[PDB]
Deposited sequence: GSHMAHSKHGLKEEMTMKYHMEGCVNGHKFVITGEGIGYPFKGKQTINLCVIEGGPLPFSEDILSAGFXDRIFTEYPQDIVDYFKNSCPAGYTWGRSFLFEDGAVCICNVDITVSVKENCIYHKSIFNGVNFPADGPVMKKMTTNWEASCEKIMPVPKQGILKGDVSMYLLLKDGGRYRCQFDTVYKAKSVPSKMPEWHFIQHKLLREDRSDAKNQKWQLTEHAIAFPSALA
């Protein structure tokens, strides 16, 4: 109906720079828009091996892949097949900061979703979990999604924790704007989305895999 089928494929290109190191990452994978699941495999083709933990890039590679109850308006699916863009800031508690822009576009012909990313960051401390690769996975999280009705865009807000090998928690504040590639017809009331995101790594060429399950749920409290 909007270009999507219960099972689809995805391609991801990310160009970036962290702490002055450039890199390019390319990724393919499988996803289930209505189940709210993606699984994707990534490969560094430039700048490898990354001197910073791969975890920082994970949310840098798609809300189309969210399970939405039919009662709530799905802005992301509604934007398809042309798709949507978004931008996000990442504010880490040790002062590091990153920013990401992503253009997402559905190719109905090939039943494939494309993701081009620019990812940039700075001020990760040399002696901190990211440049020393002491991060494990991101905790599950619950995101708030708020309409900016006058603008036709959405804002997301979620405070995120990265778990440390050595026990602890490393915080990162995510602030996101989501913009349909053309004017939507309806606009959701605000709502939550719950997320789970896991990484499993893979010595010739740096590679790894990510999985995400996400589910939307109304403001309403029983």
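Trainee: Tell me which segments of the deposited chain sequence are not represented by C-alpha atoms in this structure.
Mentor: Sequence ranges with no C-alpha atoms are 1-7, 69, 211-212.
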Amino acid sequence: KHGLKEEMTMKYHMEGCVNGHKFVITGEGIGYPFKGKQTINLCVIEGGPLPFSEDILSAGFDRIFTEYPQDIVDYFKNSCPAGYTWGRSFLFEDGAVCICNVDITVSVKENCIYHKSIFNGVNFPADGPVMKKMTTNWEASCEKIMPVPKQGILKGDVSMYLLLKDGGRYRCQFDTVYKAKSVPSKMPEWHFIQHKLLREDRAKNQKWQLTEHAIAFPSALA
From here on, numbers count along this sequence of modelled residues.
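Trainee: For the stretches 83-91 and 106-114, which has the higher mean C-alpha B-factor as given in the deposited record?
Mentor: Looking at the record's C-alpha B-factors, the answer is 106-114.
Trainee: Tell me which stretch, 32-40 or 154-162, has the higher mean Cα B-factor listed in the entry.
Mentor: Result: 32-40.
Trainee: Out of 181, 171, 191, 196, which shows the largest CA B-factor listed in the entry?
Mentor: Within the set 181, 171, 191, 196, 181 shows the top C-alpha B-factor.
Trainee: In terms of the chain's CA B-factor thirds, is residue 203 lowest, middle or highest?
Mentor: Its C-alpha B-factor belongs to the highest third of this chain's values.
Trainee: Is the Cα B-factor recorded for residue 187 in the lowest, middle or highest third of its chain?
Mentor: Middle third.
Trainee: Report the third (lowest, middle or highest) to which the CA temperature factor of residue 60 belongs, ranking only the modelled residues of the same chain.
Mentor: According to the entry, residue 60 has a C-alpha B-factor in the chain's middle third.
Trainee: Compared with the other modelled residues in the chain, in which third is the CA B-factor of residue 45?
Mentor: Highest third, going by the recorded CA B-factors of the chain.
Trainee: How does residue 140 rank on Cα B-factor within its chain, lowest, middle or highest third?
Mentor: Lowest third of the chain for residue 140's C-alpha B-factor.
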